[PDB]
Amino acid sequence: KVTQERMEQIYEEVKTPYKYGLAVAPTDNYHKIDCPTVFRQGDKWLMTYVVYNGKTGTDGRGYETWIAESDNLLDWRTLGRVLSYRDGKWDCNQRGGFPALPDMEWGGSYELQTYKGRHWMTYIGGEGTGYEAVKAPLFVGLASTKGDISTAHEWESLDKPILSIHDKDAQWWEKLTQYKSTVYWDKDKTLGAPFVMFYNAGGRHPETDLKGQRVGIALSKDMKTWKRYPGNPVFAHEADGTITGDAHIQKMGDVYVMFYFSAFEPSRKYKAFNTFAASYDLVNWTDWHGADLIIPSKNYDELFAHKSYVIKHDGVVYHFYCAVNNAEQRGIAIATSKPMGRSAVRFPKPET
């Protein structure tokens, strides 16, 4: 267990009271933007994000992945697609990606690392139309490139998923559908392998029969073949339909810090929010006991303020999150540790 005093120190280091506003927003009501991943190469900051091309749960085709650039982390310009709808393949309608092998050092370089001469990315993939797993389940895909990661070009991907709900060794917590994944390069081989994936998925608890989303681990020597960690799930909040998800891990000295979101947690009035947990060993996690890091408070995040990517740079923390309002308009927003101005970006007028 991480001590209460150490946890209070981590909170003071990571907190972001001041909301800048929207970073990337849709220009009409028939697109939704979510799932930021921020990294840098040389003189540019970069963000991948996912786009759903509908207003309701059933009118869009599904996810594609785009990329944007910035000089100051605050003002962003979209470049184009990096994963596009892929006709004839297992992931034809859902292609929602998360860059892999980030430098995990808190306040470090924020560069992506290479393995066998390529950059890597995992993704949410599937063949059903509509929003996420509404028409068919989602599985974990693998993509890579030898290209310039600061350019809008299509990354290459495999012709089957790397993990699936239909695998012989799939576990109870992942039987309904899989969701976000991130792969880390653990030089120490803490769990007996160089590549460690944290991912969330849906399933029912074998004791209580309660449905929810929970977080677990898979392991690989080569990025291609994966074994589930036998002690899964490693992090969960057990109440009916509660979601724990989108794990984002950074190393702060000798402790790992997991930024995560939860939704439909009965102990909170608001419906979705961000907070953190900590661990010395990647498996046993101590949950923060104090105020949540990001909660609904403004017009543009009044329903959900959720999902995390966190950058510490030149003495300022930037916390990227998905803002959803009561009209269900959806985009990416930013909060900071000190005031850095206010965004000029707005959602379009909502539909009546």
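Numbers follow the displayed sequence, beginning with 1.
Trainee: Averaging the C-alpha B factors as listed in the entry, name the stretch that ends up higher: 216-224 or 93-101.
Mentor: According to the entry, 216-224 carries the higher average C-alpha B-factor.
Trainee: Output the stretch having the higher mean C-alpha B factor in the entry; the candidates are 184-192 and 77-85.
Mentor: Going by the record's values, the stretch with the higher mean is 184-192.
Trainee: Just to confirm, going by the entry's C-alpha B-factors, which of 57, 62, 36, 296 comes out highest?
Mentor: Among 57, 62, 36, 296, the highest C-alpha B-factor in the entry belongs to 57.
Trainee: Which of these, 162, 263, 257, 134, has its C-alpha atom at the highest B-factor, as the entry lists it?
Mentor: Spelled out: the listed residue with the top C-alpha B-factor is 134.
Trainee: Would you please rank residue 139 by its C-alpha temperature factor against the other modelled residues of its chain and give the third it falls in: lowest, middle or highest?
Mentor: CA B-factor rank for residue 139: lowest third.
Trainee: Looking at the entry's B-factor column for C-alpha atoms only, identify whether residue 308 ranks in the lowest, middle or highest third of its chain.
Mentor: According to the entry, residue 308 has a C-alpha B-factor in the chain's middle third.
Trainee: Please say which third, lowest, middle or highest, residue 342 falls into when its CA temperature factor is compared across its chain.
Mentor: Tercile = highest for this residue's CA B-factor.
Trainee: When the modelled residues of the chain are sorted by Cα temperature factor, does residue 40 land in the lowest, middle or highest third?
Mentor: Residue 40: CA B-factor falls in the highest third of its chain.
Trainee: Splitting the chain's C-alpha B-factors into thirds, which one does residue 53 fall into?
Mentor: It belongs to the middle third of the chain when residues are ordered by C-alpha B-factor.
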